[PDB]
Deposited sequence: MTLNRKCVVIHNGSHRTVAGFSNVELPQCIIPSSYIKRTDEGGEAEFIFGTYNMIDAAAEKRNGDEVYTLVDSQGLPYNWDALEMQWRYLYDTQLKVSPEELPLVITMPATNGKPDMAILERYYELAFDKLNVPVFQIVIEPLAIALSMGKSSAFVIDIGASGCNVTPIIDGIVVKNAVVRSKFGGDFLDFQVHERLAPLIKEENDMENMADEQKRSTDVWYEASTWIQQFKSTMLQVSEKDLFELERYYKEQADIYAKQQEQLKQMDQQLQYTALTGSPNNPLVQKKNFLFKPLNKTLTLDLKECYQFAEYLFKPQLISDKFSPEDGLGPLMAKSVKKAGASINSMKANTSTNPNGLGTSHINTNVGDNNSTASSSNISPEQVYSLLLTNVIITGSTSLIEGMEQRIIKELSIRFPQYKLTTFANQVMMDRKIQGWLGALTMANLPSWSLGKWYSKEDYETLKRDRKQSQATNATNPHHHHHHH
């Protein structure tokens, strides 16, 4: 009753802390280092620090593993137990069996896995033996914490883009869309494109780079163009041309402006022009530009529109309750919650707005994006904390004529 323990296991971040404080106690990487020692014991190493210090040690026995798959679900449960025990014993400094526990599961189109729920119940009750235990749906908690019963949640994380429409507080499962192109993808592309400029055990090193200079490059150098990048190249080229023609940088062509990034490991300047920065994030919207599995329909825009129309068509399985598909559209598009760390790149929200408006003209677009960066990165955990402090209100069940009718049939 006094406080809950709140834990969110993301594909990148793990956020933990008591429900009675707004700021989390811990934010650690979901990845961890497993170290087979010369002492004879297997040691687990959690935390951006500690993991970085260890990666610095360059011990051969060190291997970095992931705790959460690209689906947002835990795939390594012994390691998850180890992390939870780390958070409980050394950080929160409380016995698991003392307080309740609130965790996060991502929104899924199909009926929830009772396998991983059995895994959660086995972890929480059998091993750590927590007295009470609750699971919340991340984008749903996010919507509830903002008081939006109807919400269109675009969450751009490291795993990909997770799109979750919500109408009247229910998740609308069959309209849930997950993308393959997130912040990890960007990590890889940054490494690839910047590789030539750098060139002229391993896993801990790959990690280390992803958590240091790559991260800084993403948070500083990456930007999203307000519209299609090629069209914008054309536009800025022609506009640049026509304004000097009335007969050392150019103010009418922003795409050729030099931007400088200090690459610390080699202590050398990496110079790119604004176009080349735009390209990285542009891959999220036009994935076809990198390779082919990737249909243009795998881009953020088509996926968003797809989710919207899917939610629209799906809401009629309820018989529509009005006297409506276009109306649910308007409803989703008027409550758009943009969240996720990757969504903090400079031009994301405006580009998402553009992409939604060109595919839904004659609609009113209203988007909400938390301007507090730390908050946008941990929004789901914050929502979970909100739900954790809710009262245990015993709300009257609704009751359908069919709910009474099937019982009336089971009597006979």
Extract from the deposited sequence all ranges with no corresponding C-alpha coordinates, numbering residues from 1. 1-3, 204-214, 262-276, 353-379, 469-485
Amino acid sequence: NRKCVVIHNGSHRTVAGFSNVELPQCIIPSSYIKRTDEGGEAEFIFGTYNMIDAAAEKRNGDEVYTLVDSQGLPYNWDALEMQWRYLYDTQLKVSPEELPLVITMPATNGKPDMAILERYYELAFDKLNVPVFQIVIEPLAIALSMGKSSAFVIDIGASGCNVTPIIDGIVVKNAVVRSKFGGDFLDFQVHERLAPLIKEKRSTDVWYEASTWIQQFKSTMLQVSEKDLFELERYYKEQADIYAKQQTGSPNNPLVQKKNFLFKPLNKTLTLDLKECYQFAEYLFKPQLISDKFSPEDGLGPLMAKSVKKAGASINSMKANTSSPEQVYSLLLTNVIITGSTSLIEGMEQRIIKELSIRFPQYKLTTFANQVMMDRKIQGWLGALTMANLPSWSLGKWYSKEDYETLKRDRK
From here on, numbers count along this sequence of modelled residues.
Tell me which of 287-295 and 186-194 has the higher mean C-alpha B-factor in the deposited entry. 287-295
Quick check on the record: does 89-97 or 228-236 carry the larger mean Cα temperature factor? 228-236
Can you pull the Cα B-factors for 282, 276, 118, 209 from the entry and say which is highest? 118
For 271, 83, 164, 316, the deposited C-alpha B-factor is largest at 316
Hey, what third does residue 362 fall into on Cα B-factor, ranked over its chain? highest
Residue 30 - Cα temperature factor, lowest/middle/highest third of chain: lowest
Looking at the entry's B-factor column for C-alpha atoms only, identify whether residue 18 ranks in the lowest, middle or highest third of its chain. lowest
Position of residue 392 among the chain's modelled residues by C-alpha B-factor, lowest, middle or highest third: highest
Can you work out whether the C-alpha temperature factor of residue 350 puts it in the lowest, middle or highest third of the chain? middle
